[PDB]
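Take a look at this single chain in structure tokens; it is the form deposited in one PDB entry.
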């Protein structure tokens, strides 16, 4: 089925009606999402099947049809844009200056924008439109609000 670059919804019919469980990025013939969206299952595009190629539950990432392609990195300074794709709603750019997740293994960009869980996998962009990571894995804070890592894979 459809192999054009861009952002895609990930849907299921296993619940009431058609339910958006998350979002992904198609780049260079590879579909990129978060592991918690698909749990590593195969996907349909039209009549075509997308098989998992690479994944890691700890990174919470998965690639379909080929290896992880997205290698751009937050500069640690500039604003970025969440291309939010919320359930039933149009793709919308939201621009923000990321905070920082401080961990024992290093600092990671973080985005403090509140969307339903079905938005998991929406791409985060730099100023040149490069995907610097995916939205949807992070933490609930004092306020009850959600703060997502900028989760990026490695390209070999």
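Residue numbers count along the first chain shown, from 1.
A second form of this protein, the form deposited with a small molecule bound, is not displayed here; the remarks below concern that form.
Contact between residue 29 and the small molecule in the bound PDB entry is not found at the 4.5 Å heavy atom cutoff. When contacts are judged by a 4.5 Å heavy atom cut-off, residue 39 counts as touching the small molecule in the bound PDB entry. Although the partner is absent here, residue 51 lies within 4.5 Å of the small molecule in the bound PDB entry, judged by heavy atoms.
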